[PDB]
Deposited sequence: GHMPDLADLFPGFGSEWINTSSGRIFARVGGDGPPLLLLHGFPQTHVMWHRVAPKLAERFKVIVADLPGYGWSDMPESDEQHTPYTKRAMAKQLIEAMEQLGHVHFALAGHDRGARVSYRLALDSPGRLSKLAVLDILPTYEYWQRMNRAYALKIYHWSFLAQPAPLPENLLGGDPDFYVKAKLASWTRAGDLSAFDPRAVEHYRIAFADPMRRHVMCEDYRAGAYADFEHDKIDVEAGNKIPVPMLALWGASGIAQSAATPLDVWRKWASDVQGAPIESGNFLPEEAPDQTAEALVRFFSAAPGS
């Protein structure tokens, strides 16, 4: 497996729920980057160096993902709820002495990120979310068209062992097909082959796949219920926010986030749903300018 982060160290960070793995580089104000599904921290390999010019950049594997430990789940999928993941990553950041930091997330990591901002806004100076709407909004939008487009939200959330059993027959094909399907190009050409190998190796492990299903089960149930409480309470994120999204993938995303946050700017980028790899120069530029 290739080292795709020149000048970055490798850290295992202890928490009460298990170790969080991170690549760490740069100096200056602290910036945490959180990947999503079906990827690992290495999805930031194209943009993290530009960020590390100006920030101390911490590129973490989500709880249960990549090389992070996998806490044992339960009947409500608790450690893979975004609330729980946010609490664990707040603990990890405290181990480094970071109790107020900047945060950017993509996909599931962006879900952790806006949940973190709702639950513990004092932890964040600035927030970026990439290629997402709140989990509540996806579910509110779930008609025939959406059930077909984002079928994996219901499929991966089916009670165990249904998706686990299916995913084990040929995991390489499934993860490579998802990676390609969600890009503008519809193939693997936006990715570094070395990064695809990281994703494939992670996805090849049945325990790692079970975590992903627990993540989507949380997304269908507890995450949705947490979001619903905020909607009903009229809670809006007060942290300055940036919403970025691939125009060919979230997509009016800024209209949606304005209902969820009181200080948000945003922009589409010509890309599918893997912005930091499909449009790394654009994405890095927007993030550097926002966080500075």
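Which parts of the deposited sequence have no C-alpha atoms in the model?
Absent from the structure are positions 1 to 5, 255, 258 to 260, 302 to 306.
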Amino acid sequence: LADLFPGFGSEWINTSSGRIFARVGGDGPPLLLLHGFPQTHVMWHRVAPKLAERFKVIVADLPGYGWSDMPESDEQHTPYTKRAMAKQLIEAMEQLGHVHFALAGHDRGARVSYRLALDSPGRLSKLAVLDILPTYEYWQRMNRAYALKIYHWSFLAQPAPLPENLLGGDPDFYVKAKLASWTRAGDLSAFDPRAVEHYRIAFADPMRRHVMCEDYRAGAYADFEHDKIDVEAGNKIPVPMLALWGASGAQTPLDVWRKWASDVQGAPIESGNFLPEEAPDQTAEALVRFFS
From here on, numbers count along this sequence of modelled residues.
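Which wins on mean Cα temperature factor, 201 to 209 or 103 to 111?
Comparing 201 to 209 with 103 to 111, the higher average CA B-factor belongs to 201 to 209.
Mean CA B-factor: is it higher for 7 to 15 or for 20 to 28?
Higher of the two, by average CA B-factor, is 7 to 15.
Per the entry, which of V42, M70, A267, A60 tops the list for Cα B factor?
When the deposited C-alpha B-factors of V42, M70, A267, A60 are compared, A267 is largest.
Could you say whether, by C-alpha temperature factor, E164 belongs to the lowest, middle or highest third of its chain?
It falls in the bottom third of the chain.
Looking at the C-alpha B-factor of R184, is it in the lowest, middle or highest third of its chain?
Highest third - that is where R184 ends up once the chain's C-alpha B-factors are sorted.
How does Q140 rank on Cα B-factor within its chain, lowest, middle or highest third?
Its C-alpha B-factor belongs to the highest third of this chain's values.
Ordered by C-alpha B-factor within the chain, which third holds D215? Give me lowest, middle or highest, please.
For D215, whose C-alpha B-factor we compare with every modelled residue in the chain, the answer is the lowest third.
Taking the C-alpha B-factors as the PDB entry records them, is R258 in the lowest, middle or highest third of its chain?
Ranked within chain, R258 CA B lands in the highest tercile.
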